[PDB]
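Before any comments, here is the structure.
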Amino acid sequence: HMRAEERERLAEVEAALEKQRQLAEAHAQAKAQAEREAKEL
Amino acid sequence: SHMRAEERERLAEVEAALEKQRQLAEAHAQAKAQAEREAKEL
């Protein structure tokens, strides 16, 4: 029953933060993979 | 010239992994700037 404006704002910010977190982890995983494989050269 | 195929494969793999990392770094940076801009509305 909260104002649609606030509801939409909170959702959009939450979603952007989640995207950032996901990509942070994806990047960390890719770095770990590259580093592992480099030390197997 | 004296490198085995397996090592050529490993080099190609590392090169591809470094590129995946580079692209994800850019993507993450873009997500971060996006989140910063969105959080201004709070």
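A note on names: the letters A, B, ... follow the listed sequences, proteins ahead of strands, and every chain is numbered from 1. Hydrogens, waters and symmetry mates are skipped; everything else that's a heavy atom, side chains included, is used.
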Partner set under side chain to side chain contact (heavy atoms under 4.5 Å, CB included) for A:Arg3, not counting sequence neighbours: A:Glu5
Which residues satisfy the side chain to side chain donor-acceptor pair (under 3.5 Å) test with A:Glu25, sequence neighbours excluded? A:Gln29
Results of side chain to side chain donor-acceptor pair (under 3.5 Å) for B:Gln34 - residues two or more places apart only: A:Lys19
With rounding to the nearest 0.5 Å, note down the distance linking CD in B:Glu9 to CD in B:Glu7. 10.0 Å
Let me confirm one number: the CD-CG distance from A:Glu12 to A:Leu17, rounded to the nearest 0.5 Å. 12.0 Å
Are more than 12 heavy atoms from other residues, nucleotides or ligands located less than 6.0 Å from atom CD of A:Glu14? no
Report, by ascending residue number, the residues of residues 35-42 of chain B in heavy-atom contact with chain A at a distance under 4.5 Å; give 'none' if the set is empty. B:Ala35, B:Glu38, B:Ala39, B:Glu41, B:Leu42
